[PDB]
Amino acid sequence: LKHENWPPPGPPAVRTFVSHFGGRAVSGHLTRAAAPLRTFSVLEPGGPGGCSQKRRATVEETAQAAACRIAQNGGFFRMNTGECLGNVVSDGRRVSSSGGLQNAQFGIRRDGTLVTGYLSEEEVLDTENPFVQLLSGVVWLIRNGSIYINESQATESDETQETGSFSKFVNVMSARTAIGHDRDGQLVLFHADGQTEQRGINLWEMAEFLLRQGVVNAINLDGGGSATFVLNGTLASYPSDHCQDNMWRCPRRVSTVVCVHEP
């Protein structure tokens, strides 16, 4: 009712793009990975226990301990405290709660079922077919093959992102990332390089792009300076944050990470 369940039924395919959104050229990658139950992980910052310690680490640091073939930044977090925000299940271990808020979620149950959308506390704690991986974003981009941004603005909590108003967060140009799946049950990761209010895409544009790629459900993960794409442990994107006291670009220390590893 409030979420989509996809029953469960080959190295990941990493695609590089430079595409035009509203006339602007935006670079990024689309990753497609089969057998998510075997290859998909949600990782805590700096290894197990990171969310409890409120640790912040770069996607590179977190991914290299896990030997991820493809890693991207994960959920939203409080920059000043390192608190993980939203429900998180990391390799069977629940390490973050929604705190009453309703936000877009994506995860996989123990039998391989992919779940996307708004989950109650009871659904998250279900011991029957428990979640093995789960994280929260902000805005349910695609529901059952249709854009669901209008509905997200109407119903989703707006206490997690710090970009500004919900409308600005939805419509501003920025770096963006998203997670979802296609109709064959393959995991889909997306990222686009950008910089808030300067370069990149908004959520309407990302949702259209993903529908073209066959995505049937997907949520928006952390963007802006948090957006990071790490390929075999190497940074392969252009972060927007500047390094300290110079104008070079530097990857942000973030919280949870989404990982695709070998089965």
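In case it trips you up, residue 1 is the first one in the sequence shown, and so on.
Chemist: Residues without coordinates, deposited sequence, stretch from residue 22 to residue 23: is the count none, 1 to 3, 4 to 9, or 10 or more?
Modeler: Going from residue 22 to residue 23, the model skips no residues of the deposited sequence.
Chemist: Identify the stretch, either 77-85 or 187-195, whose C-alpha atoms have the larger mean B-factor according to the entry.
Modeler: Taking the mean C-alpha B-factor of 77-85 and of 187-195, the larger value falls to 77-85.
Chemist: Comparing 44-52 with 27-35, which stretch shows the greater average C-alpha B-factor in the deposited entry?
Modeler: Taking the mean B-factor of the alpha carbons in each, 44-52 is higher.
Chemist: Pick out which of 254, 14, 247, 18 has the highest C-alpha B-factor in the PDB entry.
Modeler: Checking the PDB record, the top C-alpha B-factor among 254, 14, 247, 18 is at 247.
Chemist: Among 145, 92, 137, 180, which carries the highest Cα B-factor?
Modeler: That would be 92, according to the entry.
Chemist: Considering only modelled residues of the same chain, in which third does the CA B-factor of residue 1 rank: lowest, middle or highest?
Modeler: Highest third - that is where residue 1 ends up once the chain's C-alpha B-factors are sorted.
Chemist: Could you tell me which third, lowest, middle or highest, the C-alpha B-factor of residue 174 occupies within its chain?
Modeler: It falls in the bottom third of the chain.
Chemist: Just say lowest, middle or highest third for the CA B-factor of residue 60 relative to the other modelled residues in its chain.
Modeler: Within its chain, residue 60 is a middle-third residue by C-alpha B-factor, going by the deposited values.
Chemist: Split the chain's modelled residues into thirds by Cα B-factor; is residue 155 in the lowest, middle or highest one?
Modeler: Highest third of the chain for residue 155's C-alpha B-factor.
Chemist: Residue 125's Cα B-factor: lowest, middle or highest third of the chain?
Modeler: Within its chain, residue 125 is a highest-third residue by C-alpha B-factor, going by the deposited values.
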